[PDB]
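Chemist: I have a structure I would like to understand better, so I am pasting it below and will then ask my questions one at a time.
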Amino acid sequence: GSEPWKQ
Amino acid sequence: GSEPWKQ
Amino acid sequence: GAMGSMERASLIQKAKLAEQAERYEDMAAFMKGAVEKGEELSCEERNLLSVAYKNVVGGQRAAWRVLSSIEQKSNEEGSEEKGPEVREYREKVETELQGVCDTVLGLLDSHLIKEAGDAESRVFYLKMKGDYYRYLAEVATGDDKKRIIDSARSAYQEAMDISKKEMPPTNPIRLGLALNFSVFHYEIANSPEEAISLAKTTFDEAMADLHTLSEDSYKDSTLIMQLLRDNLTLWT
Amino acid sequence: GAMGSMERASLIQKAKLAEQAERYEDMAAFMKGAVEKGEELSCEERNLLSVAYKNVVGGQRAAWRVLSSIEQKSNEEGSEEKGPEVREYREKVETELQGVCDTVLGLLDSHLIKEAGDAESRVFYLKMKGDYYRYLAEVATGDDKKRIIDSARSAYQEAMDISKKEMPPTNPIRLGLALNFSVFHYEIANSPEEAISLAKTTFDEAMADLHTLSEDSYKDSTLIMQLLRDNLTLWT
Ligand SMILES: [Ca+2]
Ligand SMILES: [Ca+2]
Ligand SMILES: [Ca+2]
Ligand SMILES: [Ca+2]
Ligand SMILES: [Cl-]
Ligand SMILES: [Cl-]
Ligand SMILES: [Mg+2]
Ligand SMILES: [Mg+2]
C-alpha cells in the first residue's frame with residue numbers, strides 16, 4: 001500500500 | 001529437489 | 001565502523017551484489033558504510049540506501065505484526081495464560097526494529113539532510129525521515145507517541161512543500177512521497193479523509209501532466225499513480 | 001551462551017513464534033539454546049531444530065549461488081576486470097554458511113547423536129549430519145573436499161543402514177533420507193546412476209507399502225514420493 005521498496 | 005525444509 | 005577500512009566504491013559495488021543475492025541486511029550495512037564516508041550520495045546511491053533499509057525494516061514490521069497479533073489474541077477473554085514469552089519476543093523484535101529506524105534517522109541527521117540542497121535529494125531524504133518515523137509510530141504506545149507522530153508529519157510536510165514548489169506533479173519521488181504521506185494520514189494519524197483527499201488530488205494532478213512525459217517516464221509515473229488508485233479503492 | 005538464562009520450554013515456545021514470524025535466524029538461536037540444555041529432543045523439537053537451520057542455511061546457499069555465478073561470469077573471456085569485491089563478498093557469505101554448518105555439526109557431535117538410541121531419532125540426526133556436510137561440500141574446493149564428501153556419504157550410509165533395518169519403507173524420515181542421499185549422489189558425488197537407482201527403488205518399495213497406512217500417513221508418504229518422482233523425471 002505504500003511506495004515500492006525498489007524503484 | 002531435496003527434502004522439504006518443513007514437514 | 002566495521003566498513004571504515006573498505007573503499008566507498010567497493011561498498012557500493014557490494015551493496016549491489018547484496019541486492020542481487022537478496023541479502024538486505026548486508027546491503028544496508030554496506031550502504032551505511034558508504035554514507036559514513038561523508039560524501040553526498042548520487043541518485044542511484046540514495047536509492048540503494050533506501051532499498052536496503054526498506055527491506056530490512058519491512059521484514060521486521062511483518063514479523064512484529066505477526067507477533068503483536070498473537071499477543072493481542074492472548075489477551076482476549078477465554079485465552080489461556082502462556083507466560084511472558086510472547087510479550088518478550090514481540091519486544092525483542094520491536095527493539096531491533098526501533099534500532100534500525102534510529103540508525104537510518106541518525107544517518108539522515110549526520111549529515112545527509114543538511115548537505116542536501118537540490119530538490120531531488122532533499123525531498124528524498126525528508127521522505128525517508130517521514131517513513132522511518134512512521135515505522136516508529138506503528139509500534140509506539142508510550143508518552144512519546146504523539147511526538148513521534150508529529151516528527152513524521154513534520155518531515156513529510158517539509159518534503160511536500162519543497163516537492164510542490166520544485167518538482168512536476170508526475171515526478172516519481174513526489175508521487176511516492178504523497179502516497180506514503182496519505183498512508184500516514186490513514187494508518188497513523190487517524191485522518192482517513194485527509195488521506196483520501198491527498199491521494200485523489202495527487203492522482204488528478206499527475207494525470208494532467210502525463211502528456212509532457214516520454215514513454216519511459218510515463219511508465220514510471222503511472223506505476224505509482226496506480227498505487228494511489230488502489231488505496232483509494234480500498235479506502236472508499 | 002546468550003540463551004543460557006532462558007528456560008528450555010520458553011526457548012521452544014519462542015522457536016515456534018519465530019517460525020510463525022519467518023524469523024529463522026532467531027528460531028535457530030532458540031533451538032540451539034534448547035539443545036544446549038543437555039536433554040534429548042522430542043520428535044517435534046527435532047523438527048523445529050531442522051526447520052530453523054534448513055531455512056538459515058538454505059538462504060545462505062541461495063545467496064552463495066547468486067554470487068558464485070557472478071564470479072564465474074567475471075572469469076570468462078571478454079569479461080572486464082572489476083577488482084576483488086565479487087570474490088570477497090562470495091567468500092564472506094561462504095564463511096558464514098560454513099560457520100552455520102559447523103554449528104549444526106557441533107550440536108550433533110555434542111551430544112545429540114551419542115544419546116540418540118531410537119531409530120527415529122538416530123536416523124534423523126545422522127540425516128542432519130549428512131545434509132550439513134553436503135552443504136559444506138557444495139562450496140568446498142580445497143584439499144579437504146574429498147574428506148567432506150566422504151563425511152556426508154558416511155553419515156547418510158549409516159542412517160540408511162539403520163532406516164532399512166528399523167523403519168518401514170514409507171516412513172517419511174526414511175523417504176527424506178533416501179531423497180537427500182540421492183541428491184548427494186547426483187549433485188555432489190558425480191554418481192547420477194546411483195542417484196537414479198536409489199530414487200527408483202525407494203519409490204517402488206514405498207509404493208508397495210502404502211496399503212498398510214492410514215489416510216494421513218498415506219498423505220505424508222506420498223508427498224515425499226512425489227519429490228523422488230520429480231527428480232527421476234528431471235534426471236532421465
Ligand atoms: Ca538479510
Ligand atoms: Ca550539497
Ligand atoms: Ca532470519
Ligand atoms: Ca537416549
Ligand atoms: Cl525473546
Ligand atoms: Cl565483503
Ligand atoms: Mg524542478
Ligand atoms: Mg520400527
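Residues are referred to by chain and number: the chain letter is A, B, ... according to the order shown in the C-alpha cells, the number counts from 1 in that chain, and ligands are numbered separately from 1 in the order shown.
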Select all residues from chain D having any atom no more than 7 Å from an atom of chain C (counting only C-alpha atoms, ignoring ligands), output as a list in words.
Modeler: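 Contact residues on the first chain: residues 10, 14, 21, 22, 63, 66, 67, 85 and 89 of chain D.
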Chemist: For residue 175 of chain D, work out the shell of residues within 12 Å, counting only C-alpha atoms and skipping chain neighbours fewer than 2 positions away, then give it as a VMD selection string.
Modeler: (chain B and resid 2 to 4) or (chain D and resid 123 to 124 127 159 to 160 163 to 164 167 to 173 177 to 182 198 to 207 220 to 229)
Chemist: Give me a file of those residues, with C-alpha atoms, as a short mmCIF file (atom, residue, chain, number, x, y, z; two decimals), in the first residue's frame.
Modeler:
data_model
loop_
_atom_site.label_atom_id
_atom_site.label_comp_id
_atom_site.auth_asym_id
_atom_site.auth_seq_id
_atom_site.Cartn_x
_atom_site.Cartn_y
_atom_site.Cartn_z
CA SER B 2 15.73 -32.19 -1.70
CA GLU B 3 13.55 -32.89 1.34
CA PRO B 4 11.13 -30.09 2.28
CA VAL D 123 18.30 -41.71 11.70
CA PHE D 124 17.05 -38.12 11.93
CA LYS D 127 20.50 -37.49 8.13
CA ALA D 159 21.38 -43.55 8.51
CA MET D 160 20.34 -45.69 5.52
CA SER D 163 16.46 -46.99 8.46
CA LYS D 164 16.31 -50.11 6.30
CA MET D 167 11.68 -48.41 9.68
CA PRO D 168 9.03 -49.26 7.08
CA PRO D 169 9.74 -48.16 3.50
CA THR D 170 7.05 -45.47 3.75
CA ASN D 171 8.40 -43.81 6.89
CA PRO D 172 8.76 -40.10 6.00
CA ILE D 173 12.18 -39.82 7.66
CA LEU D 177 16.85 -39.54 3.82
CA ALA D 178 16.78 -41.53 0.59
CA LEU D 179 15.73 -38.42 -1.32
CA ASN D 180 18.62 -36.36 0.08
CA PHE D 181 21.16 -39.15 -0.34
CA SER D 182 20.05 -39.47 -3.99
CA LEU D 198 18.27 -45.15 -5.25
CA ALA D 199 15.32 -42.92 -6.08
CA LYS D 200 13.60 -45.54 -8.26
CA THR D 201 13.99 -48.33 -5.72
CA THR D 202 12.95 -46.12 -2.78
CA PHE D 203 9.84 -45.06 -4.68
CA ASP D 204 8.89 -48.62 -5.64
CA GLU D 205 9.35 -50.05 -2.17
CA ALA D 206 7.28 -47.25 -0.69
CA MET D 207 4.52 -47.77 -3.25
CA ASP D 220 2.69 -37.77 4.34
CA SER D 221 4.47 -40.57 2.48
CA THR D 222 3.11 -39.80 -0.98
CA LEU D 223 4.22 -36.18 -0.71
CA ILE D 224 7.85 -37.27 -0.44
CA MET D 225 7.40 -39.99 -3.04
CA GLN D 226 6.34 -37.29 -5.48
CA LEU D 227 9.64 -35.49 -4.90
CA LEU D 228 11.52 -38.68 -5.76
CA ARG D 229 9.44 -38.93 -8.93
#
Chemist: Quick one: residues within 6 Å of ligand 2, with only C-alpha atoms and all ligand atoms, as a PyMOL selection string?
Modeler: chain C and resi 115-117
Chemist: Let's have the selection written as a short mmCIF file (atom, residue, chain, number, x, y, z; two decimals), in the first residue's frame, with N, CA, C and O atoms.
Modeler:
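Final output, saved to again.cif:
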data_model
loop_
_atom_site.label_atom_id
_atom_site.label_comp_id
_atom_site.auth_asym_id
_atom_site.auth_seq_id
_atom_site.Cartn_x
_atom_site.Cartn_y
_atom_site.Cartn_z
N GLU C 115 23.39 18.52 4.08
CA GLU C 115 24.14 18.83 2.87
C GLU C 115 23.30 18.73 1.60
O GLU C 115 23.80 19.10 0.53
N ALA C 116 22.06 18.28 1.69
CA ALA C 116 21.22 18.06 0.51
C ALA C 116 20.54 19.37 0.11
O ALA C 116 19.60 19.82 0.78
N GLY C 117 20.99 19.95 -0.99
CA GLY C 117 20.44 21.21 -1.47
C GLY C 117 19.53 21.10 -2.67
O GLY C 117 18.63 21.93 -2.83
#
Chemist: Could you give me, as a ChimeraX atom specification, every polymer residue with an atom at most 10 Å away from an atom of ligand 4, counting only C-alpha atoms and all ligand atoms?
Modeler: /D:39-41,112-118,121-122
Chemist: Those same residues, written as an mmCIF file, in the first residue's frame with N, CA and C atoms?
Modeler:
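This went into part.cif:
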data_model
loop_
_atom_site.group_PDB
_atom_site.id
_atom_site.type_symbol
_atom_site.label_atom_id
_atom_site.label_comp_id
_atom_site.auth_asym_id
_atom_site.auth_seq_id
_atom_site.Cartn_x
_atom_site.Cartn_y
_atom_site.Cartn_z
ATOM 1 N N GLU D 39 19.229 -31.965 27.495
ATOM 2 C CA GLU D 39 18.233 -33.024 27.413
ATOM 3 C C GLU D 39 18.037 -33.442 25.960
ATOM 4 N N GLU D 40 17.618 -34.684 25.776
ATOM 5 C CA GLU D 40 17.252 -35.165 24.457
ATOM 6 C C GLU D 40 16.058 -34.367 23.922
ATOM 7 N N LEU D 41 15.878 -34.400 22.608
ATOM 8 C CA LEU D 41 14.801 -33.674 21.949
ATOM 9 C C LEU D 41 13.695 -34.637 21.562
ATOM 10 N N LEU D 112 24.013 -34.720 20.578
ATOM 11 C CA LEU D 112 22.734 -35.262 20.144
ATOM 12 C C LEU D 112 22.857 -36.693 19.640
ATOM 13 N N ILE D 113 23.830 -36.961 18.768
ATOM 14 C CA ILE D 113 23.900 -38.293 18.166
ATOM 15 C C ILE D 113 24.200 -39.358 19.218
ATOM 16 N N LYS D 114 25.162 -39.107 20.106
ATOM 17 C CA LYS D 114 25.571 -40.173 21.017
ATOM 18 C C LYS D 114 24.468 -40.565 21.985
ATOM 19 N N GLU D 115 23.518 -39.683 22.290
ATOM 20 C CA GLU D 115 22.433 -40.091 23.174
ATOM 21 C C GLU D 115 21.221 -40.630 22.432
ATOM 22 N N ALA D 116 21.203 -40.567 21.105
ATOM 23 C CA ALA D 116 20.035 -40.971 20.324
ATOM 24 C C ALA D 116 20.068 -42.475 20.080
ATOM 25 N N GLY D 117 19.178 -43.195 20.752
ATOM 26 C CA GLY D 117 19.121 -44.640 20.635
ATOM 27 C C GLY D 117 17.962 -45.173 19.813
ATOM 28 N N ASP D 118 16.835 -44.482 19.772
ATOM 29 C CA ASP D 118 15.721 -44.982 18.985
ATOM 30 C C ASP D 118 15.997 -44.722 17.514
ATOM 31 N N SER D 121 15.110 -41.118 16.145
ATOM 32 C CA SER D 121 15.988 -40.007 16.481
ATOM 33 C C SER D 121 17.353 -40.182 15.840
ATOM 34 N N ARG D 122 17.905 -41.391 15.908
ATOM 35 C CA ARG D 122 19.244 -41.610 15.388
ATOM 36 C C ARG D 122 19.305 -41.384 13.883
#
Chemist: Name the closest residue to chain B among the candidates D:53, D:218, D:135, D:156; distances are taken between atoms, counting only C-alpha atoms.
Modeler: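 Looking only at the distances to chain B, the closest residue turns out to be D:53.
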Chemist: With a distance threshold of 6 Å and counting only C-alpha atoms, extract the residues of chain D near chain B and express them as a PDB file with C-alpha atoms, in the first residue's frame.
Modeler:
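This went into iface.pdb:
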ATOM      1  CA  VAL D  51      13.295 -26.311  10.094  1.00  0.00           C
ATOM      2  CA  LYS D  54      17.395 -25.648   6.878  1.00  0.00           C
ATOM      3  CA  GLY D 176      13.503 -37.936   3.048  1.00  0.00           C
ATOM      4  CA  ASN D 180      18.619 -36.361   0.085  1.00  0.00           C
TER       5      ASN D 180
END
Chemist: Expressed in Å to a single decimal, how great is the separation between atom CA of residue 95 of chain D and atom CA of residue 24 of chain C?
Modeler: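 One can read the atom CA of residue 95 of chain D to atom CA of residue 24 of chain C distance as 17.6 Å.
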Chemist: Excluding residue 56 of chain C and residues on its chain fewer than 5 positions from it, collect all residues at most 9 Å away from it, counting only C-alpha atoms, and give them as an MDAnalysis selection string.
Modeler: chainID C and resid 24:25 28 51 61 97 100
Chemist: Generate a file of the selected residues that holds C-alpha atoms, formatted as an mmCIF file, in the first residue's frame.
Modeler:
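What landed in again18.cif:
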data_model
loop_
_atom_site.group_PDB
_atom_site.id
_atom_site.type_symbol
_atom_site.label_atom_id
_atom_site.label_comp_id
_atom_site.auth_asym_id
_atom_site.auth_seq_id
_atom_site.Cartn_x
_atom_site.Cartn_y
_atom_site.Cartn_z
ATOM 1 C CA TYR C 24 19.344 -6.887 2.577
ATOM 2 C CA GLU C 25 20.999 -6.693 5.995
ATOM 3 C CA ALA C 28 22.172 -1.911 4.481
ATOM 4 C CA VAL C 51 16.059 -0.273 -0.932
ATOM 5 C CA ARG C 61 7.480 -4.894 10.511
ATOM 6 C CA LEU C 97 13.109 -2.552 14.547
ATOM 7 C CA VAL C 100 17.280 0.095 12.670
#
